[PDB]
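Structure, as structure tokens:
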Amino acid sequence: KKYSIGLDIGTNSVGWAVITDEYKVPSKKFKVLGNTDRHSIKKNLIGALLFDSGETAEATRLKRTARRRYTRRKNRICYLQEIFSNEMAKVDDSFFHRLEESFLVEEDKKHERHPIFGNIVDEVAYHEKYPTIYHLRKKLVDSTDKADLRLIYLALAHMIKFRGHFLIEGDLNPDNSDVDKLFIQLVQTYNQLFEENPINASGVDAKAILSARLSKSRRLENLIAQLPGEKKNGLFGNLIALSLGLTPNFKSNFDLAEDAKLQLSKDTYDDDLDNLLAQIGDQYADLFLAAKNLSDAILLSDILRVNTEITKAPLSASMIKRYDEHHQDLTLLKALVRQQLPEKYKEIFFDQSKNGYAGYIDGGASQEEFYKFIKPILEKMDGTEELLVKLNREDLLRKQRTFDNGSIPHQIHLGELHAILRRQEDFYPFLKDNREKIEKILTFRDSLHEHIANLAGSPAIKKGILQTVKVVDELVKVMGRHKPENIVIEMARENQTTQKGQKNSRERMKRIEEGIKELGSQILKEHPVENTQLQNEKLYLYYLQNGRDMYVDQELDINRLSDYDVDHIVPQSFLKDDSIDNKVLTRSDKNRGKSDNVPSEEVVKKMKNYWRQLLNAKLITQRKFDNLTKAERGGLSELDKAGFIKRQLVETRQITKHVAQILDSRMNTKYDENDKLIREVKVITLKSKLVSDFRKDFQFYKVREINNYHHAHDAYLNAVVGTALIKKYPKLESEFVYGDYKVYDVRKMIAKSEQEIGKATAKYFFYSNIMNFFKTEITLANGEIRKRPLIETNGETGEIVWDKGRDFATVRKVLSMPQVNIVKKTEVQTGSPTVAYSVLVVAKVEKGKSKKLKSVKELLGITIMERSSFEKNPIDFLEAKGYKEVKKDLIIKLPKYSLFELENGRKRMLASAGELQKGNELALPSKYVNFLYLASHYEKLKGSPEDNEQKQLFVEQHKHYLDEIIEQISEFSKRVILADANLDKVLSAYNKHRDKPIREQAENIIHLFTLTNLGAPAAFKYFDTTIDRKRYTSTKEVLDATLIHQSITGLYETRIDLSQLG
RNA sequence: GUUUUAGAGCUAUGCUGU
RNA sequence: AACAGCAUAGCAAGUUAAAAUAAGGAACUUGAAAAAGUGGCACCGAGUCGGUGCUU
């Protein structure tokens, strides 16, 4: 019908949900297979999937290769031959036959040994007049005389063999060229991916500093001599060092225990990069990928100082100049060494043993070794002017080919192709006809698996992408091959692992330190605060503010933190951002004025001076002070409004764009009479902050530890928000919906007056905050509350979008729904013996002294050295192992984590051949979940005072809710886990500590949820007592149990009963 | 970075041979 | 004499291109495999999902 699917892709889960126009989750029926009679079943459309990482055939069939690029080359040269064949059979004669047979010696040629034309004359003359290829190419470029079709063929083959990369899309231009703008892009990406400890480059002419002709060390040092805040050992210093050709290290910045050396010119680059990334984390995979575009530009600048003409390759001019210089130095050096200092001449030009000059040209000698060897002679030689500096400048006797013929955009090549074709349009009639096609093939650049492998990242995300694609295909096949109207994609942020929770504290500690030493106030001396206390927002802002209120000149008291209030410089009605850059402290928020704009001018005039000594201390940023004094330049403008719109609705991560492109290409396939792509399935991408604030605002709280439902919860919410946005603002689709859409402007979205023009024009909105229509009342910065219509409808078509009374109840029901599927992906592992996978075998064994045989079933563990021999002849294998009369048909392969269930619906998970794991999940009511979260967050409410006090009364009324949650876990434990002594200790301790404060009770109940937690048994702590794990050694009760084959998503289930077999 | 083939080497001396 | 192969003693000089790449001491069905397929529709309820109607 009308429906949608949200997704949330991470390293540990894939969520999925299905909604309708009213935002209801359908509930349907599916068939049951197996051997019992549990025919009736019915499920929801909400679930999640989990898989464990590790080396596996899946992890290998997503690897890196080259043979494929090589065969791409062979098919493209074959295509060249295909194009040339017909017109040569129509122009040349034995042209093609002689060129293929070139390896044969002069007794079986059956033709003439001169492949150029057929005479001995041209042959040597060819390279005599065209020694370096650039001669030939330049000749075609600026020559109007006739040429040989075969020489054009060879030249064209050369340019396509060395074509380049595709790291930049579109035609070349200053936007995607030059140096300074790319440096600006790098610093902007750094300053975006961090919120802390920034770097400001105010109009530094980076091109003149980086493109200057210096050594590989001095060019690094040159910019490092600026940017005071950073050091050469910093991450930025390592980045800039990497993007020139040195060998930096990656140890100290990421605190790793293994040395990491990486170099772009080195062949093994990507393998080291992805190993590093999979070690550290995938959020940082946007800082190295912005230096591979700066090093390319820098090398282009280094090679192309020249550009005498316009219709030439400046690289070609530079290269031919280099060859001429190489010849000239050949002659001079030759003369000097042979004449002036006659000895050692053989040692330099003929020895070839210690890699002299001839050894460097012909032998396996390297440039650095050659320079080291030739240093002493040049040092001790007389008349060495104009030579020594160019030695360590690396510009002596340079080969025309080095490690820099990859860094090379294909636009220069295609432009020279176009120039050559234009020069020779008419002589060959097919050149004009097929110029478009040859351009198309030489610019032209697979399958779903190959595209998934194409993204540069750790294998975890790639596995997640593959599983996402399979989940999408399954979901679209459930609904009768009907395509959706909206599919939101949203990335799952990784929660802090308590390691990065300290590093940010250290960074803000550095901030407060540098401010305190720059200014000189003894705030730290009067009050000692450590990083465990920097986590307090009000305290850290108090230290940021030196201890003085900014709207009124008076010192702030320390121990009256309850009375103070936190405000926003930008009112939340205009923009929703809560970070430190837009949070300040004051006695009361009533000093801002009576307007809704940035604060009044009457305040800034008084404490301008205070704000200068705040800003020059580097403790606040330029953008922060810009928002502080936004009122002096007129106020809010259309450019600023569009800026906030784009910051709130437009993404910056390219990997999300990549996966969105993958799904858009995979699903959207229909076309029209023209060559336009009919985009019937829209793909919408959002940030996490929207859903986070939605939950925080409308009290749909989420807890992660209780069970695995939160992934699917976020999956539902994201699609819910996305459909409302697309249905509310159709014209803003070009901002977040992917595709080549029609651009728009800033004048049509912004009105002139709030109440005098709002709701009186076709224009959408006036307040810059997009998410205001989610709410029912909009609070202003002055205390006035606005009223929104009960039913929200689109003014253009006339269709409703939002129902206040129905949608909230439906969403609350969806969150309170108790039956949500979770599934663990079963896989076979590929690659103190280790068991690859166990087997189930029925056979006859000897029990007693008379060797009397009886048929049994036992769990035998095949080792990793044994699986192939098991495959070849399991009958005699098991006969040698100790079994007799094995049933080949009844032998069933069992991998790790196979689902077994017993009476009363209890489920068990297999861990090894002699141990077991839990296999059931707890379901808890939404009200109890809410109470648990609120009790855990009594001090960390981080909300308005009225909401906070209402919540604490809510907590303190329902003191019995503790009693029936302890009850709830008790009967469930007695039902399933059967750990009697353990329940005995837990309830004894609980009755012991009944009267202790509700807070301290809360997190310890959360800890006690570990017994019901899914996975291997694990120890935990109560208030003061410890509980040790109870391994499930017995493996007999699984013999009469039942096998349930749980699917990839949980939709289809088939159950096999082990009691009937054997 | 690796392996072969084709890019007529010259002058003066001596040697074997067809 | 011409030429091939040798022992000299000196003099003039370098970057392109096809080829090669691994004997290394979830569950089910048809198919070797690439790959094809397998699980009905509405209503009222809601403790791991239940009931009713139509229809395979």
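Within the stretch A:974-989, the set of residues being out of contact with any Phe, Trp or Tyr (no Cβ under 6 Å at 6 or more places or on another chain), assigned to a helix (DSSP H, G or I) and away from RNA strand C (no atom under 12 Å from the Cβ) comprises A:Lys974, A:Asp980, A:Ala981, A:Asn982, A:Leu983, A:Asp984, A:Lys985, A:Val986, A:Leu987, A:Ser988.
So, A:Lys940, is that one over 30 Å from A:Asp52 (Cβ atoms) and touching a strand residue (DSSP E or B) at 6+ places or on another chain (Cβ under 7 Å) or not?
The answer is no for A:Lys940.
Quick check on my filter: what residues within the stretch A:896-920 are within 11 Å of RNA strand C (Cβ to nearest atom) and in contact with a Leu (Cβ under 9 Å, 6 or more places away or on another chain)?
Residues of the stretch A:896-920 that are within 11 Å of RNA strand C (Cβ to nearest atom), as a first pass: A:897-899, A:901, A:904-907, A:920.
Correct list: A:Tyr897, A:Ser898, A:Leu899, A:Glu901, A:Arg906, A:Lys907, A:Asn920.
Count of the stretch A:186-224 residues, restricted to those that are of a type in the set (D, E, K, R), closer than 16 Å to A:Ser295 by Cα and in a loop (DSSP other than H, G, I, E, B), is 2.
Here the condition is being under 30 Å from A:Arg423 (Cβ atoms) and surrounded by 13 or more Cβ atoms within 10 Å (Cβ to Cβ); of A:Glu169, A:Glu123, it holds for A:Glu123 alone.
Cβ-Cβ contacts under 7 Å between residues 6 or more apart (or on different chains), taken from a first residue in the stretch A:185-196 that is loosely packed, with under 13 Cβ neighbours inside 10 Å to a second residue that is β-branched (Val, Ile, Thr), are listed as A:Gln192/A:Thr652. On inspection, A:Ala935 passes the criterion of being small (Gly, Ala, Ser), away from RNA strand C (no atom under 16 Å from the Cβ) and in contact with a helix residue (DSSP H, G or I) (Cβ under 6 Å, 6 or more places away or on another chain).
On the given criteria, is A:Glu385 outside any helix (DSSP H, G or I), away from RNA strand C (no atom under 13 Å from the Cβ) and under 30 Å from A:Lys207 (Cβ atoms)? No; evaluated as a whole, the condition is false for this residue.
A:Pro599 - would you say it is touching a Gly at 6+ places or on another chain (Cβ under 7 Å) and of a type outside the set (D, E, K, R)? In short, yes. Would you mind stating whether A:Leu717 is hydrophobic (A, V, I, L, M, F, W, C), buried (at least 19 other Cβ atoms within 10 Å of the Cβ) and within 28 Å of A:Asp286 (Cα to Cα)? In short, yes. Residue under question is A:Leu227, and the condition is that it be part of a loop (DSSP other than H, G, I, E, B) and either surrounded by 13 or more Cβ atoms within 10 Å (Cβ to Cβ) or of a type in the set (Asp, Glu) (or both); does it hold? For A:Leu227, the condition - part of a loop (DSSP other than H, G, I, E, B) and either surrounded by 13 or more Cβ atoms within 10 Å (Cβ to Cβ) or of a type in the set (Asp, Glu) (or both) - is met.
Per-residue answers, yes or no, for (1) over 40 Å from the mean Cα position of the chain (by Cα); (2) surrounded by fewer than 17 Cβ atoms within 10 Å (Cβ to Cβ); (3) closer than 26 Å to A:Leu1014 by Cα:
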site: A:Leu890; (1), (2), (3): yes, yes, no
site: A:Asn904; (1), (2), (3): yes, yes, yes
site: A:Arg908; (1), (2), (3): no, no, yes
site: A:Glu915; (1), (2), (3): no, yes, yes
site: A:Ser926; (1), (2), (3): no, yes, yes
site: A:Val929; (1), (2), (3): no, no, yes
site: A:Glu949; (1), (2), (3): yes, yes, no
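Taken over the stretch A:355-382, the criterion of being within 16 Å of RNA strand B (Cβ to nearest atom) and not in a helix (DSSP H, G or I) is satisfied by A:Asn355, A:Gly356, A:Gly363, A:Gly364, A:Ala365, A:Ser366. Looking only at residues of the stretch A:294-317 that are polar (S, T, N, Q) and surrounded by fewer than 17 Cβ atoms within 10 Å (Cβ to Cβ), we find that the one that is nearest to RNA strand B (Cβ to nearest atom) is A:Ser301.
One residue stands out in the stretch A:126-147 among those that are outside any helix (DSSP H, G or I) and within 10 Å of RNA strand C (Cβ to nearest atom): the one that is surrounded by the most Cβ atoms within 10 Å (Cβ to Cβ), namely A:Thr132.
Here A:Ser102 fulfils each of the conditions (1) among the small types (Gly, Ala, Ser); (2) under 29 Å from A:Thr308 (Cα atoms); (3) within 14 Å of RNA strand B (Cβ to nearest atom) apart from (2). Just wondering, is there one or more residues in the stretch A:954-977 that are of a type in the set (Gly, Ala, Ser), farther than 30 Å from A:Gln819 by Cβ and surrounded by 15 or more Cβ atoms within 10 Å (Cβ to Cβ)? Within the stretch A:954-977, not a single residue is of a type in the set (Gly, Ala, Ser), farther than 30 Å from A:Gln819 by Cβ and surrounded by 15 or more Cβ atoms within 10 Å (Cβ to Cβ). When the stretch A:43-69 is filtered for residues that are of a type in the set (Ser, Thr, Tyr) and either surrounded by 10 or more Cβ atoms within 10 Å (Cβ to Cβ) or in contact with a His (Cβ under 9 Å, 6 or more places away or on another chain) (or both), the ones remaining, listed by number, are A:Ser53, A:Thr56, A:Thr60. Among the candidates A:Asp446, A:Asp433, A:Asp426, the residue that is part of a loop (DSSP other than H, G, I, E, B) and more than 29 Å from A:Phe288 (Cα to Cα) is uniquely A:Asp426. With the structure loaded, tell me whether A:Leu840 is within 16 Å of RNA strand C (Cβ to nearest atom) and either in contact with a helix residue (DSSP H, G or I) (Cβ under 6 Å, 6 or more places away or on another chain) or under 30 Å from A:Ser53 (Cα atoms) (or both) or whether it fails that test. When the stated conditions are applied, A:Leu840 passes them. You will find that of A:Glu123, A:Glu107, A:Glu112, A:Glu100, the residue that is farther than 17 Å from A:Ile408 by Cα, within 11 Å of RNA strand C (Cβ to nearest atom) and charged (D, E, K, R) is A:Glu100 and no other.
For A:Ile408, the requirement of being surrounded by 16 or more Cβ atoms within 10 Å (Cβ to Cβ) and either within 16 Å of RNA strand C (Cβ to nearest atom) or not polar (S, T, N, Q) (or both) is met. When the stretch A:349-370 is limited to residues that are within 10 Å of RNA strand C (Cβ to nearest atom) and of a type in the set (A, V, I, L, M, F, W, C), the one that is nearest to A:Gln400 (Cα to Cα) turns out to be A:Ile361. Taken over the stretch A:860-882, the residue count meeting the criterion of being among the hydroxyl-bearing types (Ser, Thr, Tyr), surrounded by 11 or more Cβ atoms within 10 Å (Cβ to Cβ) and assigned to a helix (DSSP H, G or I) is 1.
When the residues of the stretch A:197-218 are filtered to those that are of a type in the set (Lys, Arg) and closer than 26 Å to A:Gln411 by Cβ, the one that is surrounded by the most Cβ atoms within 10 Å (Cβ to Cβ) is A:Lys207.
Results for (1) over 18 Å from the mean Cα position of the chain (by Cα); (2) not in a loop (DSSP other than H, G, I, E, B), shown as yes or no for each residue.
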site	(1), (2)
A:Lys231	yes, no
A:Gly245	yes, no
A:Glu258	yes, no
A:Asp274	no, yes
A:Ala278	no, yes
A:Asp296	yes, yes
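Of all residue pairs spaced 6 or more apart or on separate chains, those with beta-carbon atoms under 8 Å, a first member in the stretch A:938-957 that is β-branched (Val, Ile, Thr) and a second member that is outside any loop (DSSP other than H, G, I, E, B) are A:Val955/A:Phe931; A:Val955/A:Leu934; A:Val955/A:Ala935; A:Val955/A:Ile998. If you go through the stretch A:105-120 and keep only what is near RNA strand B (Cβ under 8 Å from one of its atoms) and surrounded by 10 or more Cβ atoms within 10 Å (Cβ to Cβ), you end up with A:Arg113, A:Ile120.
Ideal geometry is used to build each Cβ from the backbone, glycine not excepted, and the neighbour counts take in all protein chains shown. None of the figures in this text is laboratory data; all of them are computed from the coordinates on show.
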